[PDB]
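Given as structure tokens, the chain that follows is alone and in the form deposited in one PDB entry.
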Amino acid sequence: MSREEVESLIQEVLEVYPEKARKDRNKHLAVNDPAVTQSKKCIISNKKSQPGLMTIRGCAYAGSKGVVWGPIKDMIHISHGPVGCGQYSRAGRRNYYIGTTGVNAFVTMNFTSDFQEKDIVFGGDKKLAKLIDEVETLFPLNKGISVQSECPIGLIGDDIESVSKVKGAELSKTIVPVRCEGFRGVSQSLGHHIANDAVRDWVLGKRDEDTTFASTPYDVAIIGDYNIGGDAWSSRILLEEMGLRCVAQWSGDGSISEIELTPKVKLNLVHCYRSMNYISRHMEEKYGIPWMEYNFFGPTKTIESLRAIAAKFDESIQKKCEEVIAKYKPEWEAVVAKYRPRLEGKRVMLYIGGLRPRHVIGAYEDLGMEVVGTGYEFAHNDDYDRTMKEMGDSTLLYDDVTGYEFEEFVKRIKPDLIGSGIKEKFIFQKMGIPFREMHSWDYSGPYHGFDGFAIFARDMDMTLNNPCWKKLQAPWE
């Protein structure tokens, strides 16, 4: 507590900065007040990073290739440019899928144009056309190609749109140009927006004239679940048990036919608002499909979500929903009984990308844990609007936190556990604070749904109460 203490800590941390950097970073740090629902008056977000300060943010290409397009399993995604970007992002994100890799699925492969100096000087459109021909020869079962632009593509004036149009017409193949150059925007977020625009323009409407798909009043699509560790599958099983038919699943374990079939569903279930709100709103305007946010993190949120979703359909679905809730009640109750005593009272700080820093809070509170601090790399002010009412009074909020800032905040607050990405993990493990990866689930998971909750609870216990953390001080020191 002590809102005044936290505000003082913010000031003391800020003192080291030069004047311009300090003035900028002051707007991105705030003390929470749940009654304050207009976060713009409190915290600022979605602004450029301060140079030289060791931000955690990625780039548009990561938000588009790494996040939205890459998981689409039956397409081939071309990293267009020099070799680095596709290599660092190859299989780094655990967007799980079922397929025969290299034959009919291509998620964990790295297709690139591997730009050389001559490609920079003389342009790369002809190399791109030849590359597309080679892709068609060597991977005949691919069901479409996307071109993910890296920084030099935008800088050298290459026209990948015309190449994509011409080659797609020539080969009767869907070729999606994506101008996701890493210098655009300020983070992965504009990458999300650019990728959603590419989906809308080149894939989503291919079956607008096709009326051969049989539809039912229980057709839904899962939008913005990337199936990290199987999260989307663990959620889909609950939805299907409730009597719904999940036609499409964006984009984890996703296929291009599923995207094309999405305009035929009755309701869009949005898990990650931040990344897929653009296409969800577009679909509402163009096709009249309503959409709603849901949360399958922990039993309380998933029960509330299942009931709210079932309320959008008739009474039979609602009965099935109550049956699903009753069937799973002993499982999560046993999990709570086993692991809440081991975690009751422990305090957690989080720093993740754009959705999870607020979505996992209910799961933490279901094990009797408190989130004393949370923040985002690239969230927008509507995200903080949603975040403030779910966080406790006088808790710390940080937008686009610098490495130094987060280290100092942790040194003062001293949480029992930190959840963040790979670039912070070993920093705080060396400080003797338990750390869970909240992007990749530390190569564990799934965490969504009732089955995911047990894994979440076991993981938090095994890390928080691990004996290693009691051994950092040498007995002779």
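One-based numbering along the sequence shown. Shifts are known only where both forms have a C-alpha. In this text, rigid core is short for the largest set of C-alphas that superpose within 1.5 Å between two forms.
*Asks:* Can you check if, in at least a third of the other PDB entries compared, residue 307 has no modelled coordinates?
*Replies:* Per the records, residue 307 is modelled in all the other entries.
*Asks:* For residue 394, does the count of other compared entries lacking it reach at least a third?
*Replies:* Yes.
Not pictured, yet referred to below: the form deposited in another entry.
*Asks:* Given a superposition on the rigid core, I'd like a yes or no on whether residue 444 shifts its C-alpha by 2 Å or more between the shown form and the other one.
*Replies:* After core superposition, the displacement of the residue 444 C-alpha between the shown form and the other one stays below 2 Å, so no.
*Asks:* Considering a change of 3 Å or more, are the Cα atoms of residue 235 and residue 439 closer or farther in the other form than here?
*Replies:* Between the C-alphas of residue 439 and residue 235, the gap narrows in the other form (3 Å or more compared with this form).
*Asks:* Would you mind telling me if residue 441 and residue 65 are closer or farther apart in the other form than in the shown form, C-alpha to C-alpha, with a 3 Å or larger change?
*Replies:* Relative to the shown form, the pair is closer.
*Asks:* Which stretches of at least three consecutive residues shift by 2 Å or more at every Cα between the shown form and the other one, once the core is superposed?
*Replies:* In sequence order there is one run that relocates between the shown form and the other one, which is 434-442.
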